[PDB]
Amino acid sequence: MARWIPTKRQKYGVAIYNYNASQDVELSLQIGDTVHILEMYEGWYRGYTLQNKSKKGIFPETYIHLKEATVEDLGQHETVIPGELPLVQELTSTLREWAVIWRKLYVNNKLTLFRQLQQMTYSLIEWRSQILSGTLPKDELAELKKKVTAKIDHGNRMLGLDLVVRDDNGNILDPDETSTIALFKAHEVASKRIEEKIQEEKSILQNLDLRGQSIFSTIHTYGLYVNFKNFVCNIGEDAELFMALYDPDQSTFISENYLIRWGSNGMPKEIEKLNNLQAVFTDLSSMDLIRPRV
Amino acid sequence: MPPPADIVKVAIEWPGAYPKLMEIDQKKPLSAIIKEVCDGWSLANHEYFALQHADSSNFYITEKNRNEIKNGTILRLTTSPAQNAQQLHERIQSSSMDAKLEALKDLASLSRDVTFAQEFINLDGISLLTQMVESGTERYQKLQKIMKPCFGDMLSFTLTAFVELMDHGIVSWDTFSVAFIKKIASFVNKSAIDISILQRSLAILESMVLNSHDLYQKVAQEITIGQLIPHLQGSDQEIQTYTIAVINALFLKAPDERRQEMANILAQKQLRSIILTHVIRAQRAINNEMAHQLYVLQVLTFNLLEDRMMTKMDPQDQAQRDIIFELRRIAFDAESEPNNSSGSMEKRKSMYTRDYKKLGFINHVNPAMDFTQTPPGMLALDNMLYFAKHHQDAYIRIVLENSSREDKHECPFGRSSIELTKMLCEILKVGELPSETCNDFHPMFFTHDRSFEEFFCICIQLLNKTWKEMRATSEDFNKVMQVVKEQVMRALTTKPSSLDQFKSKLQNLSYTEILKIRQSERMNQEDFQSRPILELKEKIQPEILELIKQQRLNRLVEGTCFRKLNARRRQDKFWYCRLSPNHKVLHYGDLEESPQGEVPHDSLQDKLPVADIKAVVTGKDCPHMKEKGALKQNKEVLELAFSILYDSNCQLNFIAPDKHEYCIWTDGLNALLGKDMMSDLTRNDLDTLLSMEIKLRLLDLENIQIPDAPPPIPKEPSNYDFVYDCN
């Protein structure tokens, strides 16, 4: 409770389990009871709690699951992988904002959105946990940045919150007041994204095909995956099965006939495929889709 | 609310009659249905005959149970319950035997039929049984002398039919005469007899004992316990069940003063040990009733301990003071020079205080202030008296080892003995009311009448043994007894069966190694649930429950269009019950059929103070449900019918519109009452929400796991002298 040192390597004041009121400013600490500590005694750390940043907590150093870094993860590289974990910590703040929201959500009954709140929350926190490490490949981490950004801004517009910017690698790089017009158009872009989400949520909430068309607009290589099962008939003779796409609109063929052999016994003449009677018909382009009769 | 399928595709039968599968109408008065059924077999006399389930019941269908005929439920015609009852009775008071045997087995079987019982009890054919088995012996006894196997079967079937009508209670329990109990005495007081007779007769014994403490008294001359041991010895388990049922009825209705008598009687006739060796530790299956029999036996011993347990026998009583004086002589005179055995009052005070600061007593002027509190008081004294007979080694060694420890590791043998006896009785439920609720029997108790006394000596022995193993202290006095209680838990959870096995279980407990196994299981069971983190979560409980409650307070304020009594004929099935912001006044009553719901105003019953609210009885518990006339409510409104209590004379006897909000309002009024909730909605929401919250606490640790156990406390500089200041 004495011999305190000024340092910044302790802002991860990390409670372990139920703490005790043995200390003037202490209680049954939760898990994430972060104290932004200022006073460095060896065996004990007392410092300003996350909950109350003018109120200290005097918590045993062993009970302090200290991580030397501050809430950031890159200055000393506590990022398991560089360039994101600022994103995860701002996600944590996002979550503690969702905290006060879901307290203010049973006061009314919109609980439909309260459900979807918890579910998007669960998706975000599982992305959080999976990106506790560099578990994904880096490009997949960029993908997850995109997805978490998407979910986050969704929640924000739901609560009519602010706009986050800098889609990728932080959400924070853009808003650093380095320029103006770039920032303006960043806001412009984010409002675009909000428009896109409101439109799609209306049009995926109610319609169910326009989403598929919009996604198929970008890429145009598609494949009809058929797993055939068994040709119900007994033949008594060898048989040959051919599977191809015909165009009555064009009065002609389209694809190559996938082949199956058939024994005379109502049985495929090749049995290693009987389970695996699998063909994938590719090359399906935007035109291939939009043809009237196929 | 709906009636059953009024047109049911069922077979109708009758003795001699080919069944006809017709589509019977059921709203018709059943007399006419009986008429048409009779007509089907070219029969008249419908009121003289009853249809019944051709299925197992044979219960003569009345207007009441005709809802119980399913598609395929065969109906069989027969004589009406009155006509069966009569045919019986004039066969019953009669004397021709085999006919009586058939009618008597059948009166047995049909006694449970309420529909039959109505007219057989109106009839008084049970007194006709009284004839057939108290006169019917002496009309015939010359040939009964040899037929007595079959006459015993007779009177046993009479016992069956008699009691199987008695249990319904419409016929008096007084139909048996002193000649009936005379025959029952001829059974119980004699040797092994035809098992039906002995069975149903012991059953009558316990039943008539149950009817009256006076019947119990006037059969106790015939029901004696030594003659009642053979019923246990009867390898038929049920004879054992009946002997012990009679025994437990004896102790239930013997006076506690006479209960100690019959307890010494039980101890000397070996009931504890003879049942252990002949039921528990014999090969006989301990059926649920039998395990309950043993539970009641041990707890009867325990509630004979109760009279000394609860009562606070005078701490300064001269006799008990000299008996704790002799206890403390055989306890202390080793380091107590024998001049204190007859020590004077000044020396009595000196020795009290000297070895009672060695016994850490807050008051050192009296050992009996360590007996001035009950439970048990002079019963812990009784324990040490057992020790003077059975565990003098234990008593001497404990007292001597605490006869010199002035420190707070002191084991206060007066205070520890008294409190340990009381806490382990509360563990063992020594002295509780024996009920069918508990069916657990400990064979530990039935290998020793005083297995409670050896329990206390050996548990205080373990207390002192581990007391060395865990630096046990007297500021931890209650704490050390609670660690000993934890050990008692880990032992009794293995279900001790004998003194040696109980001693083995306690020797397991002396903090040697197996504790790591129990905490390793605690590890494996926190794996899925994180028990210390569960501690974190459920410790900060109150916020979530109180927010749910104020949420429901909101909901009560916005209330609903509640539903009334019999909202049938142009009555407001919709009427608002607004909770005021004051949350002391509910605005409701005959409010119109409101679409938007609440008209916030001084309603027809604008007031409802919590000050007169008692509770809400929910369902048939509602006083309006207790009405069975022009306010009958079908059991489908059970979940909507609530009766909010107030004034002790006016209640909110109303109907909910559905189930969930019924639960909600019950919850809300209970929060008003300041008690727990009774919506499973509350369970689900509270658990999911608080679990999420704590799941929103795992953040500061993540990618790194928690120390499950408490880490230590690293040392401080004791002073507060800040090298880096605060602020």
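Here is what the cut-offs are and how they apply
- Residues numbered from 1 in each chain as written, not as in the entry; some residues may be left out.
- Chains lettered and ligands numbered in written order.
- Part of a larger assembly, values for the part shown.
- Heavy atoms only, no water.
- Helix = DSSP H or I, 4+ residues; strand = E, 2+ residues; numbered from the N terminus.
- Rg over C-alpha atoms; globule rule 2.2 N^0.38 Å.
- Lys, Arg positive; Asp, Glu negative; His and termini not counted.
- Charge placed at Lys NZ, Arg CZ, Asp CG, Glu CD.
- Domains from an automatic or database assignment.
- Contact = heavy atoms within 4.5 Å.
- Buried area = accessible area lost by both parts, 1.4 Å probe.
- Expected span 1.5 Å × (residues − 1).
- Buried < 20%, exposed > 50% of the residue type's maximum accessible area, 1.4 Å probe, protein only.
- Disulfide = S-S within 2.5 Å.
- Axes fitted to C-alpha atoms, helices over the stretch in contact; angles between N-to-C directions.
- Left-handed = near helix turned anticlockwise from the far one by under 90°.
- Nonpolar A, V, L, I, M, F, W, Y, C, P; charged D, E, K, R; others polar.
- Pairing = 2+ DSSP bridges.

Colleague: What is the right way to look at the overall build of chain B in this model?
Modeller: Per the secondary structure count, chain B includes 28 helices and eleven strands. A globule of 727 residues ought to have a C-alpha radius of gyration of about 27 Å, yet chain B, at 35 Å, is considerably larger. Counting only C-alpha atoms and orienting by the principal axes, one finds that chain B spans roughly 110 × 85 × 50 Å. Side chains of chain B carry 87 positive and 100 negative charges; the gap between the two charge centres is 3 Å.

Colleague: When you look at the domain arrangement of chain B in this model, what are you seeing that I'm missing?
Modeller: The accessible area lost on association of the parts is a frequent measure of interface size. Residues and elements named next belong to chain B. For chain B, the domain assignment lists domain 1 (530-558 + 676-727) and domain 2 (559-675). For domain 1 versus domain 2, the separation of C-alpha centres amounts to 36 Å. Of the residues lining the interface, 15 residues belong to domain 1; the matching set on domain 2 comes to 21 residues. Across the domain 1 to domain 2 interface the summed buried area is about 1,500 Å²; carbon plus sulfur atoms make up 61%.

Colleague: Any chance you could explain helix α2 (residues 111-130) of chain A here in plain terms?
Modeller: Every α-helical turn comprises 3.6 residues, leaving residues that sit three or four positions apart pointing alike. Here α2 of chain A contains 20 residues, and its C-alpha end-to-end distance of 28 Å stays within 8% of the 28 Å for a straight helix at 1.5 Å per residue. Residues of α2 of chain A that are buried: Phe-114, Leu-117, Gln-118, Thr-121, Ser-123, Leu-124, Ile-125, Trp-127 and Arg-128 of chain A. For α2 of chain A, the secondary structure elements touched by its buried residues are α1 (86-103) and α3 (138-158) of chain A together with α28 (680-695) of chain B.

Colleague: When you look at the state of the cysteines in this model, what are you seeing that I'm missing?
Modeller: One way to say it: the disulfide is the covalent bond shared by the sulfur atoms of two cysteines. All names here are of chain B. Per the stated rule, a full pass over the model turns up zero disulfides over all chains. The structure places no disulfide on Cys-622, whose sulfur is separated from the nearest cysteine sulfur, that of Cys-663, by 13 Å. Using a relative accessible area of 0% as the deciding quantity, one classes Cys-622 as buried.

Colleague: What am I meant to see in the packing of helix α6 (residues 141-166) of chain B against helix α8 (residues 195-211) of chain B here?
Modeller: Two measures define how a pair of helices packs: the angle their axes make with one another and the distance between the axes. Residues and elements named next belong to chain B. Where α6 contacts α8, the axes come no closer than 8 Å and their chain directions differ by 30 degrees. Handedness of the crossing formed by α6 with α8: left-handed. Across the interface between the two elements, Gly-152, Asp-153, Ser-156, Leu-159, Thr-160, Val-163 and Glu-164 from α6 touch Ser-196, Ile-197, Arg-200, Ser-201 and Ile-204 from α8. Broken down by class, the residue content of the contact of α6 with α8 amounts to four nonpolar, five polar and three charged.

Colleague: How should I be thinking about the sheet that holds strand β2 (residues 44-49) of chain A in this particular structure?
Modeller: The strands that make up a sheet pair up through hydrogen bonds in the backbone, lying either parallel or antiparallel. Residues and elements named next belong to chain A. Taken together, three strands build an open sheet; the order of strands is β1-β2-β3 and the sheet is antiparallel. This sheet does not close on itself; its edge strands, each paired only once, are β1 (35-40) and β3 (56-60). Between one strand axis and the next, the sheet turns through 35 degrees on average, direction left out of account. Where β1 lies against β2, five bridges are found, and the strand directions are antiparallel. Considered in β2, the bridge of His-36 is made with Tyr-48.

Colleague: Help me out: how do you make sense of the side chain of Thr-301 of chain B in this one?
Modeller: All names here are of chain B. Within the secondary structure, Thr-301 sits in helix α14 (residues 288-310). Judged by its relative accessible area of 10%, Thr-301 falls in the buried class. Contact partners of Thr-301, with chain neighbours within four places excluded, come to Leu-266 and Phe-445.

Colleague: Quick question: what am I supposed to make of unusual backbone geometry here?
Modeller: For residues besides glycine, phi is generally negative; the peptide bonds are generally trans as well. Residues and elements named next belong to chain B. The linkage connecting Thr-374 with the following residue, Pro-375, adopts the cis geometry, with an omega of 0 degrees. Looking at the secondary structure, you find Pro-375 in the loop between α16 (345-357) and α17 (378-389). Cis peptide bonds are those with omega within 30 degrees of zero, and the linkage from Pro-375 to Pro-376 qualifies with -10 degrees. A positive phi angle is found at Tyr-511, which is not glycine, with a value near 35 degrees. Looking at where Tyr-511 falls in the secondary structure, it is placed in the loop between α22 (499-508) and α23 (515-526). Judged by relative accessible area, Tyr-511 falls into the partly exposed class, the value being 26%. In this structure, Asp-647 is a non-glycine residue whose phi angle is positive, near 65 degrees. Since its relative accessible area comes to 40%, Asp-647 is described here as partly exposed.

Colleague: Please clarify how the pairing of strand β3 (residues 49-53) of chain B should be interpreted in this entry.
Modeller: Strand residues, when the strand is regular, have side chains that alternate between the two faces of the sheet. All names here are of chain B. Of all five residues making up β3, four are buried, and the element is well covered by its neighbours. Where β3 meets strand β4 (residues 75-79), five bridges bridge the pair, whose relative direction is antiparallel. Among the inter-strand pairings, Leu-51 is bridged to a residue of β4, identified as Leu-77.

Colleague: Could you clarify how one ought to interpret the sheet that holds strand β11 (residues 652-655) of chain B in this entry?
Modeller: Residues and elements named next belong to chain B. What the three strands build is an open sheet, ordered β9-β10-β11; its pairing is antiparallel. The open sheet is flanked by β9 (616-618) and β11, the only strands paired with a single partner. The sheet shows a mean angle of 20 degrees between the axes of neighbouring strands, direction not considered. Bridging between strand β10 (residues 641-644) and β11 involves four bridges; their strand directions are antiparallel. The residue of β11 that forms the bridge with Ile-644 is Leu-652. Of the strands in this sheet, β9 and β10 are in contact with helix α27 (residues 659-672), which crosses β9 at around 155 degrees.

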